[PDB]
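If you read the sequences in order, they're chains S and F. Read in the working numbering, the first sequence has 53 at position 5, and its numbers run on one by one without any break. Read in the working numbering, the second sequence has 25 at position 23, and its numbers run on one by one without any break.
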Amino acid sequence: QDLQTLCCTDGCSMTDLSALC
Amino acid sequence: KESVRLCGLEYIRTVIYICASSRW
Numbered sequence: 049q050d051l052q053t054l055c056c057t058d059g060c061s062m063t064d065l066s067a068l069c
Numbered sequence: 003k004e005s006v007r008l009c010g011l012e013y014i015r016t017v018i019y020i021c022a023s024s025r026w
């Protein structure tokens, strides 16, 4: 459910990471 | 919905990399 957690399932895009930056 | 799959360290490493590059 978490952004980092679901990244090991769904996945995070580059843009999504930039939003965390 | 297609994105990269990073788990923990892999995610953190990719995030800090982009965050740092954007600060440089």
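C-beta atoms are modelled at their ideal positions from N, C-alpha and C, and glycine is treated no differently.
Would you mind giving the Cβ-Cβ distance between residue i and residue j, rounded to the nearest angstrom? I have them listed as a contact below 8 angstroms.
i             : j             : result
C21 (chain F) : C55 (chain S) : Rounded, the Cβ-Cβ distance is 15 angstroms, inconsistent with contact.
Please list, in chain order, all residues of the same chain as residue i whose beta carbon is under 6 angstroms from its beta carbon, the five residues on each side excluded.
i             : result
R15 (chain F) : none
Below 9 angstroms on C-beta distance, what does residue i contact in chain F?
i             : result
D58 (chain S) : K3, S5 and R7
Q52 (chain S) : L8, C9, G10, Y13, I14 and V17
Indicate the three-state DSSP secondary structure (helix, strand or coil) for residue i in the structure shown.
i             : result
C9 (chain F)  : coil
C60 (chain S) : strand
Within its chain, find whatever has a CB closer than 7 angstroms to the CB of residue i; leave out the 5 residues flanking it on each side and keep chain order.
i             : result
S66 (chain S) : none
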